[PDB]
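Trainee: structure of the sequence below:
(chains A, B, C and D, ligands or ions: 2)
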There are 2 protein chains.
Amino acid sequence: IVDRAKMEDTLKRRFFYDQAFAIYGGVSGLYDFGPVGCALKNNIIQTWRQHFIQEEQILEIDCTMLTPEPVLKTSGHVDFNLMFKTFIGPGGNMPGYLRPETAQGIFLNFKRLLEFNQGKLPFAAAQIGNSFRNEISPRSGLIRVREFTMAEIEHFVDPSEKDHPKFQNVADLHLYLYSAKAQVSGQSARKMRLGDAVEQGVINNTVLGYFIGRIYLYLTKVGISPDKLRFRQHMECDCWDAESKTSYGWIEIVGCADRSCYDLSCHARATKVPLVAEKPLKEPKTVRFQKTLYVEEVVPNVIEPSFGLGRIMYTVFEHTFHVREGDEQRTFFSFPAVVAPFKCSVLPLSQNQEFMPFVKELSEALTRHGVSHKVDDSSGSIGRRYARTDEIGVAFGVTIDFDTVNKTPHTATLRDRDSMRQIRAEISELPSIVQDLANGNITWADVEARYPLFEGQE
Amino acid sequence: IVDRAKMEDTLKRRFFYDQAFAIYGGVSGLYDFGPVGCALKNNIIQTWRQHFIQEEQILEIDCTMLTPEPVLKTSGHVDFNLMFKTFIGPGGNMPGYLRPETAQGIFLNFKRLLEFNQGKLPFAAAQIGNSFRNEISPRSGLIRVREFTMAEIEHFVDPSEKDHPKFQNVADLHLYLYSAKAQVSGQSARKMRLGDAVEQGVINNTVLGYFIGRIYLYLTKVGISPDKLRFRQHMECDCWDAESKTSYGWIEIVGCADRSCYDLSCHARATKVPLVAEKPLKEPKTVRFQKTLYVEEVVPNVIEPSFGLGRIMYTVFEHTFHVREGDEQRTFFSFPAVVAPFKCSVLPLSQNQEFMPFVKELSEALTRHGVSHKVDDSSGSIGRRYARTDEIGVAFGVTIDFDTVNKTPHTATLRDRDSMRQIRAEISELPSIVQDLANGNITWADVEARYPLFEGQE
RNA sequence: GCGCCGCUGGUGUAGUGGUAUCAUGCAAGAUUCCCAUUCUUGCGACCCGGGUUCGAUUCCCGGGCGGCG
RNA sequence: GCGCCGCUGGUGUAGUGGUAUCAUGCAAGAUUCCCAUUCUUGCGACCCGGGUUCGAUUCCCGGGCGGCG
Ligand SMILES: Nc1ncnc2c1ncn2[C@@H]1O[C@H](COP(=O)(O)O)[C@@H](O)[C@H]1O
Ligand SMILES: Nc1ncnc2c1ncn2[C@@H]1O[C@H](COP(=O)(O)O)[C@@H](O)[C@H]1O
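Mentor: Numbers count the residues shown, from 1 in each chain, chains lettered A, B, ... in the order given. Ligands and ions are numbered 1, 2, ... in the order given. And now the structure:
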């Protein structure tokens, strides 16, 4: 786990990721994600989407990566430059950049987003996408690259109605908070309950509180260990950072920054286009002339949690990376079964032909159930292929053995990657089992309780 | 349907997509996809992934969008330029471009891809991602833009073993083929069966045949009508194009081009790095000196189906776009229930408070079942809100009515967007129903057969 | 690209050297209890920059964007 | 960025002005019938360009990339 060299090796060898254009020499700070890396990235993203977007009914959008210079001048990003400069169309009349963040488009599409939500508040938009920084010296691999996938969430809330109705769901949750006070006081982080936290005013409100809870739950869900995960409040526009402890030290992997008055303002000035919600009045005010007002203009506070996926990924790598006891050439990852690149591996004992039927029958069966599987029927022994599949963090292994070919209820075995423990179950309900473990409704323990274990080949 | 102005209007108004940076004046050929557009895009992509990637067990990868000039010189793309030019890092020693296609990275990562598949053939890689063209005059909206999402598939096959074992699944399929012969002969396309097609040699092989079948099935699955969908063979490196008929005419939406000798070669020359598979020999040849050879080097043929998602999207728009009979202000889309941005809309009759419970209870219930839903509890009448939800192509509508508040088995109604037909079913199994219709296991007809219809409010 | 006009609430429009008509839409209220009901009330716009003018959204010049070869 | 070395099959390495050692890995065969078994056989490499040389992967110069401030 602590050994970054072994890990880096296992990552490179099995093509989790790799230096970009390595046949042309490679280019620093640019990385390509192979089959397993891509699969893990995708799984992580799907989980994120159905964690925040579905649960909060967030308006997600696709925006363009190119950006006209005036847009990035209004936001003060422009101000030898760390952005990627190009030109648009025919000639150099219209210079643009590659977006440094996927936040801007949301703001620039605010009016239509607000209309879509019927003009009502609060409302959340979000953008999952690639952003680009012309860093000078990228090191640490994924930690500092020049192009990367981030998932951003914009929460637009009435400055006067900033109080979240789903907060008692995250109320009893215990986190490591690293407040600015504790930082200037030469102290360390503290394990507080969330509600206690907001009461004592360490966390401004229950919206930031709720977000912090959910963000926690997500980051732990994908495989980050709580003990090495904290929330450091920014110190001298109130920002909180979800940070993880790695071999490189404490790195920022999520940025929760909540800034009221704005760039929404900025753009509204530069373009002279009001970007403002409106709230009807319970009691219409009359104000020269008699002039009753029935609505008030509202520029909404904005909470912005932005997730850096390269770093969430890497953190998962370091925390999950384990080495077996005995054969230390055998390494594996401990990916949670909901993000594992492959939930299942389909393996026969030896190259014996009578195994070919059941292998295919179930491989076509797992697909029908939508399970990501890797069927390994190559030359080497069962132990070797296990080492291979464990190495890429395959969650479970289905072994077809001689007792599969000679039994009335045809049974195969199911091996837990982590524990090296096995059970034996009929081949007809194996896809059901695997599928459900991959969708987190049950863990390995309950499978171990529901089915008879593997004691030996009869 | 034929009316592009009405459609364009409904697209703009409900924010399916919109001109990029419109508050800054907008920029031609760049478009941002709102909530519904993004949802449809995502659904389409998920369906694509579980259509090709899962079923063929394709090695999917994430590659970088930036690209060093030598890479694109080897591929002869460079040769006032239609690509987006920038520089990498500190200064202008290292100029690069924005990838015009997501194909290159796959080739550049070929060796590790081939190793991952144990060196065996055949094997498929694929890349879903954005590509960039500095077009001069973009028109037709999505048809010709400057940045767009394409999904590419690389199939690597032994030139001598080009014969697909899953072809009898697409054998009895009937398509419109537009062969080059028919084109130079002043004829039109022909509705051939696929197997007949390959026998008479109009389609070179059963791999191109199989791909063509699957591509067909996919494009029809997402909502493209067969009658306005054909496969035109390229005429004077054998290429086939999946084309659709729109108001703009026949446009190319998928490119199936199958070119043996290569850019794999090109890169292998420029970099001096052999990109070649190897095949063991059944009978080891002995060839001066006695020198037995046991493997032959094989440069594999490559089949490349590339999908243009902007165009597949637009095609879906034009084909699905319908206008009601009577109130022609009422327009709707006929999105297949597997790609519909929202499968369900949750609607009460009137603003009456006693409806608030059941609405929430099921909205939290649909989420638990993972169903994308839009709960509309706004001021206007049921007809207005229907018009709204139909307008964005919501697949089904759940109506909470007075008979929901006063019945022992609490029942609500389910309305079919297309037909305007309704049924009535208990609120406890509604998420099940909706969920399954959204996962294509049953159609509306079987629901209409399984449940009692809506005849009137008791 | 090059060309002939054009750009007014979210959408569709009338109008003029003295800051804007009507319809739809969206909210709130009341009606209404199945398919944009009705009434009331409220919300929102002259694509940018420069020039000419006492004053331009209107006239002229140049961005940008759109329709079409 | 600037700096001190460095780059040899997929990975880890020995070696030298005359084109490369060993281990692992991956295939095929045979053993083996639960956790990288064993034997046999096969597959694969000197990061690029220039210079000096009869000849460089080795020496020098400059790309690129990596480790580290
Ligand atoms: N050079 C970079 N490489 C990887 N991630 C980055 C980089 N810069 C910013 N991020 C991500 O940005 C998030 C914080 O937002 P910000 O620091 O404002 O960009 C973190 O989650 C990071 O993962
Ligand atoms: N300017 C463009 N806009 C949208 N799609 C494009 C464009 N150029 C190529 N494509 C897509 O590329 C595919 C065919 O490949 P190719 O024409 O070689 O790029 C089609 O499916 C198109 O959708």
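
Trainee: please list the residues of the stretch 301-450 of chain A that sit near chain B.
Mentor: Contact residues, the stretch 301-450 of chain A versus chain B (CB under 8 Å from any CB of the partner chain): A:367, A:370, A:372, A:378. C-betas here are computed from N, CA, C, even on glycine.

Trainee: the stretch 101-250 of chain A now?
Mentor: By CB under 8 Å from any CB, the residues of the stretch 101-250 of chain A that approach chain B are A:105, A:108-109, A:111-113, A:115-116, A:118, A:130, A:132, A:134, A:136, A:146-147, A:149.

Trainee: still on that earlier bit, most neighbours out of the residues of the stretch 301-450 of chain A next to chain B, which is it?
Mentor: residue A:372 (21 neighbours; other CB atoms under 10 Å in any protein chain shown).

Trainee: how far away is it from residue A:422?
Mentor: 21 Å (CB to CB, to the nearest Å).

Trainee: select, from the residues of the stretch 301-450 of chain A next to chain B, the two members most distant in space.
Mentor: Taking CB to CB as the measure, those span a maximum distance of 24.8 Å, between A:370 and A:378.

Trainee: residues of the biggest helix by length in chain A that come out buried?
Mentor: The longest helix of chain A (DSSP state H) is helix A:206-221. Judged by neighbour count (16 or more other CB atoms under 10 Å in any protein chain shown), helix A:206-221 contains these buried residues: A:206-216, A:218-219, A:221.

Trainee: what do you get for stretch A:250-259?
Mentor: Neighbour-count burial for stretch A:250-259 [16+ other CB under 10 Å]: A:251, A:253, A:254, A:255, A:256, A:258.

Trainee: which among those gets closest to residue A:241?
Mentor: residue A:255 (5.9 Å).

Trainee: so what's the closest one up against?
Mentor: If a contact means CB atoms under 8 Å, 6 or more residues apart in numbering or on different chains, then residue A:255 has A:239, A:241, A:242, A:304, A:305, A:306, A:308 as its contacts.

Trainee: quick check: bridge partners of the third one?
Mentor: Think residue A:242. Beta-bridge pairing of residue A:242 under DSSP bridges involves residue A:231, residue A:254.

Trainee: how near is it to ligand 2?
Mentor: Taking CB to the nearest ligand atom, to the nearest Å as the measure, residue A:242 falls 38 Å from ligand 2.

Trainee: that residue contacts residue A:253, doesn't it?
Mentor: Yes - using CB atoms under 8 Å, residue A:242 is in contact with residue A:253, at 5.8 Å.

Trainee: who touches both of those two?
Mentor: Common neighbours of residue A:242 and residue A:253 (CB under 8 Å, 6+ apart) are residue A:219.

Trainee: just give me the neighbour total for residue A:69.
Mentor: 18.

Trainee: am I right that residue A:153 is in a helix?
Mentor: No - looking at residue A:153 with DSSP: H, G, I helix; E, B strand; the rest coil, it is strand, so not inside a helix.

Trainee: since we're on it, how many residues are nearby?
Mentor: Neighbourhood size, residue A:153 [other CB under 10 Å]: 25.

Trainee: how about the helices in the stretch 351-458 of chain A?
Mentor: Taking DSSP state H, counting those that start in this stretch to define them, one finds helices in the stretch 351-458 of chain A at A:356-368, A:382-391, A:402-405, A:430-438, A:444-450.

Trainee: residues from the stretch 51-200 of chain A in reach of RNA strand C?
Mentor: A:89, A:90, A:93, A:94, A:111, A:112, A:115, A:118, A:119, A:120 (CB under 7 Å from any atom of the strand).

Trainee: the last one in helix, strand or coil?
Mentor: Translated: residue A:120. coil.

Trainee: phi, psi of the residue of the stretch 151-300 of chain A found nearest RNA strand C?
Mentor: Of all residues in the stretch 151-300 of chain A, residue A:294 sits closest to RNA strand C, at 4.0 Å by CB to the nearest atom of the strand. The phi/psi pair for residue A:294 (degrees, to the nearest 10) reads phi -120, psi -10.

Trainee: repeat that for the one 4 residues further on.
Mentor: The main-chain torsion angles of residue A:298 are listed as degrees, to the nearest 10 and equal phi -130, psi 110.

Trainee: and the gap between residue A:182 and residue A:176?
Mentor: Relative to residue A:176, residue A:182 is positioned 11 Å away (CB to CB).

Trainee: wait, what's in contact with the closest residue to chain B within the stretch 151-300 of chain A?
Mentor: Among the residues of the stretch 151-300 of chain A, residue A:271 lies closest to chain B, at 4.6 Å counting by CB to the nearest CB. With contact taken as CB under 8 Å, 6+ apart, residue A:271 is in contact with A:74, B:23, B:24.

Trainee: at 7 Å what do you get?
Mentor: For residue A:271, the contact set (CB atoms under 7 Å, 6 or more residues apart in numbering or on different chains) comprises B:23, B:24.

Trainee: what's the distance between it and ligand 1?
Mentor: Applying CB to the nearest ligand atom to residue A:271 and ligand 1 gives a distance of 24 Å.

Trainee: what's the answer for residue A:91, then?
Mentor: Per CB to the nearest ligand atom, residue A:91 is found 31 Å from ligand 1.
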